[PDB]
Structures are given as structure tokens and as C-alpha cells.
Amino acid sequence: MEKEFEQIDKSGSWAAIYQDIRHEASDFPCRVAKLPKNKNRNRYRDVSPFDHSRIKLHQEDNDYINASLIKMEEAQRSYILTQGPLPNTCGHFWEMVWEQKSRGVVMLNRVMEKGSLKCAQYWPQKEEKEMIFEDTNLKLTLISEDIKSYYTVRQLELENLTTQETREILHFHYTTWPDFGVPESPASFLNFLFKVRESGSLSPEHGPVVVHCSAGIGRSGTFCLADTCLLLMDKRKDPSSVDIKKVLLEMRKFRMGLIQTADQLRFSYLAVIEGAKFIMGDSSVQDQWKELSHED
Ligand SMILES: O=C1C[C@@H](c2ccc(C[C@H](Nc3nc4ccccc4s3)c3nc4ccccc4[nH]3)cc2)S(=O)(=O)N1
Ligand SMILES: [Mg+2]
């Protein structure tokens, strides 16, 4: 994996490798996302879920949400990638979380980034100010949160106001990953990834984790590609058989544009190569990433 990396970095050809991927990427219809009535449900007109893998809300008036189910068969993990909720789609977002039985939500963006609005404030910031999404009959409450230097983990309680059933949802919020950018370091990224892994929110006993940034393709694509490559390296006989480009194209069969820049692709290589040390038996790298990430 690093031989390939070193030959690419050596030749300074990441832009060409990345562009080959875009050109070879699947192209499936997004007819439902394009219906006139769903316009105010899409943050960006050039970012849509394919009809074949879009997530359907259980309601009847309209079952559309700009979200895609990315199902990696060999890696044995599913992810729902979605855009940052819009003011009018926060209830839809939590309805999806509820109907798909997700246990965790991974947010890789901030509400405002460099003077631009990227996502609505869909979770409560204060314990005493819970949120009610009337349209979907859901109640959302901030139970507590653990604020680190580059990310925050929140414990939320989501309640179906109809049956009174409640469930705890974990919010993993990476607050320092720049749009069209990369994380500060492989160690800071992997520390975050493994926190999500250790929480149990990715366990198959739950619905797919819900991952989003602003459009649900760039930063979200990177997070998922890395997690999937590491899952594959841990399951196969030979972990050197993992081809990140092939994995990215496979993921791209489910949602368009995963990985928005050549440098995000390169970072993915680096994150996977570093994380491989934990797979190959190094029972100490995990603590090291924690230390190096300087989360306190
Ligand atoms: O790393 C990343 C890139 C982000 C991102 C944000 C927005 C868009 C869609 C946006 N479309 C749109 N942006 C706007 C803004 C105002 C009014 C209407 C529209 S459509 C977009 N398409 C672009 C094409 C070339 C270069 C930059 C672009 N940004 C894609 C990816 S992310 O949240 O998926 N993580
Ligand atoms: Mg307070």
C-alpha cells in the first residue's frame, strides 16, 4: 500500500490518480432527488443520492431525504451518508435516524465555516432547551457532552412522541476538519475513528451509523473509505491486497463524489497505512494516537 503511495508521491501524480477515479465513477439516476417538490430538501443542486441507494423515510406524503445507504458487502458494514440537515429537514433527519435504528451520528463539519453556512443546528446545545420536531413527532434532548480539543462526543436522547420509546444516540462531532481539507494528522483522525468504533455505534446489532459533513461526500467519503479499508485489512488473509482506489470506486456506486480532492485521497492512504499498524498487532499505537492527538 505504501509502495503504491511512495510511487505516486514520488511522481507527484495524485491529481491524475484522483481524476481517473472521478472519470471511472458510476453514474446512476437521481430522478427522485430531482423532482420539483424535493428541491427544498437538497442543500446543493449538484449533490444528490442515486435512486437505487437512497434512504426512504417511512411517511407517505414524501419519503425523500438527501441520503444514501453505502453498503460494503465484503467489509460487512453499512453507512448512511447524508448532507448537513436543512432548517426544514431536521425532522426528516431524525426520522431517518429513528426508522433506520442508527445508534450513532458522525458530523465532520461545523455549522458555519469560514463565513459560510454549511448545516443547520439540528441537535440541542443546552440540556434545558430540548428540541421538538413537530412534523415528525420526535423529541430530542441533550443529556451531556464531552468536549475535547478537536472533537466533542454528545449523549442524546431521542424520543418517539407517539409510543414514548426512547433511545440513546451518540453524536461524534469532529470540529476541526476544514471543508475540502484534511484532518490535522493521521493520528488525530484514527483516534477519532476508533472512539466511534469503541462506542459500539458501528456494531451490526444497530442500524447503519449516519455520517455527514456539509454535502455528505467529501469529508464523509474520507471517513468511510478509511474505516472500510481497515475493516478489509483485518478480515482478509493478506492485508496488502486492499486496493483503496477499488474500494473508493465501489463506495462511489452508492453515492456520487465521495472524496472531493486529490489531497483527501492521499490522506486516506496515510490514515490507512498508519491504522494498519494496529491491525498487524501493535497493541500500543492506539494509546500513542490518543497522546499525539492532544485531545485534552
Ligand atoms: O470536503 C468536503 C467538501 C464539501 C462540499 C460542499 C459543497 C459541495 C457542493 C457545492 N455545490 C453548490 N454550492 C452552492 C452555493 C450557493 C448556491 C448554490 C450552490 S450548489 C459545490 N459544487 C462544487 C464544484 C466545484 C468546486 C466547489 C463546489 N462546491 C460539494 C462538497 S463536503 O461537506 O462534502 N466535505
Ligand atoms: Mg448550561
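The residues of chain A that appear here are 3-298 by Swiss-Prot count, in order.
Note: Cβ is positioned from N, Cα and C throughout, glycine not excepted.
What Swiss-Prot annotates here:
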DOMAIN    3-277  domain 'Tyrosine-protein phosphatase'
BINDING   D181, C215, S216, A217, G218, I219, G220, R221, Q262  substrate binding site
ACT_SITE  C215  active site, phosphocysteine intermediate
MOD_RES   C215  S-nitrosocysteine
MOD_RES   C215  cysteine sulfinic acid (-SO2H)
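Mapped onto this structure are the features recorded in Swiss-Prot.
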residue	record	Cβ neighbours (10 Å)
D181	substrate binding site	17
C215	active site, phosphocysteine intermediate	28
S216	substrate binding site	24
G218	substrate binding site	29
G220	substrate binding site	23
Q262	substrate binding site	21
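Farthest C-alpha pair in the substrate-binding residues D181, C215, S216, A217, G218, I219, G220, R221, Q262: 12 Å apart. Cβ proximity to the substrate site centre (mean Cβ of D181, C215, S216, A217, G218, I219, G220, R221, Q262, cutoff 8 Å) flags the following additional same-chain residues: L110, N111, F182, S222, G223.
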